[PDB]
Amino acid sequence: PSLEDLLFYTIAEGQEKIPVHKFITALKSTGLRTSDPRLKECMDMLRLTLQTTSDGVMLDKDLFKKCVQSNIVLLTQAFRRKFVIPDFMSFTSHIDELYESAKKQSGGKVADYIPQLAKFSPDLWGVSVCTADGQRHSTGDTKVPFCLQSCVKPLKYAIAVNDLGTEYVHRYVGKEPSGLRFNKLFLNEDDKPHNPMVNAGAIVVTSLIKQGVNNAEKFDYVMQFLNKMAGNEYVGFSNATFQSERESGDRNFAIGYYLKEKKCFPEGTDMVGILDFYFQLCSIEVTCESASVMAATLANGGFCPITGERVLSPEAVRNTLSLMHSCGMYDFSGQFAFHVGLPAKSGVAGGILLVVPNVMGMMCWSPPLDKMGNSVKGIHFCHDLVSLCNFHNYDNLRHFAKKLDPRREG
């Protein structure tokens, strides 16, 4: 026996030849994209032989082995239906319907407090999925850059705990939600901001990362870190939204000065620089696709699903998922956790970074917000999704009524 050969006959079909395009679409049906980083050596070997023998590019048992031996373990888990979602093909056709039904929630208002999000059309709407195994699906305007805005907070919280530990980080930031009419206070009674998902705690968390280097290097470190979380997919930066956030951040300076007087930053902090770093981190640009991979990184215990690298310590990813659950969706956090029960974080640009732990990561984007600051179509999508699949954090994996479970077969 041999694994690459047994895999050859699984796809060879009993036939003696594999047309390689038949291999490529058998591959994409896994949901894996041809461009997957864990697959490069095999596509290197495929683009090589698509030149060597332009004569009927069918692969025999020996030549197929010559391309896929290097990636055979991941190719076989893909083809022996061992990924977290075995029938990915049907699942995307449910993701499509959920996308198209949220696509008719035309209500809401595009945040216009800056001219940069004000120029974004209300008709943009994209949903991107990446599972814990790297299966990909996207639908809508999923390659348009937009800023993370307030979706950056868990990402930077993760880095801070990843680099410094839970106990150090939470001397400066609380670990609970305020209370639905305490969105107006900055501090809890330990004179600590309530949690990293609000502007007060975000400004404090920003204060802890890479102390002692300048703001240019600090930003560099976060970009390198956010690069690994998305498996080197698109991470960018909008200078335009940066300047309009620095000229308009009256409430943020208010928070900085309040935090400075009440001695909530670590020793030797330059408060006004931290606010400039903060406005920077909120105009890091993503797409629906790249950011869905970062979301899958947290769904996966801190291991990037399309590269296999350890990017965050499991302690950092649990804390962040805990704190997204409670505090992630403004005054809709409490109701969102009850009805949807998925760690999620929203942003002023209309993004929702969603995690379904041990299944998949996601990013939704439609600019128009509802009156609580959450993307209209984005929020409508996350309801239908939990309505449909037993992904609610406190669903039962065995008895779950008329819901669907994508992690099983028949």
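Throughout, we count residues from 1 along the sequence that is shown.
- Per the PDB record, of the two stretches 110-118 and 141-149, 110-118 carries the greater mean B-factor over its C-alpha atoms.
- Of the two stretches examined, 23-31 and 381-389, the record assigns the greater average C-alpha temperature factor to 23-31.
- Out of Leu353, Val348, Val68, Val359, it is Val68 whose C-alpha atom has the highest B-factor in the PDB entry.
- Taking the deposited Cα B-factors for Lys184, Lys263, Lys175, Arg171, the highest one is held by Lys184.
- Sort the modelled residues of the chain by CA B factor and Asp250 lands in the middle third.
- In the deposited entry, the Cα temperature factor of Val57 sits in the top third of values across the chain's modelled residues.
- Among the modelled residues of its chain, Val73 has a C-alpha B-factor that falls in the highest third according to the deposited record.
- Compared with the other modelled residues of the chain, the Cα B-factor recorded for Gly212 ranks in the highest third.
- Placement of the Cα temperature factor of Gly268 within the chain: highest third of the modelled residues, per the deposited record.
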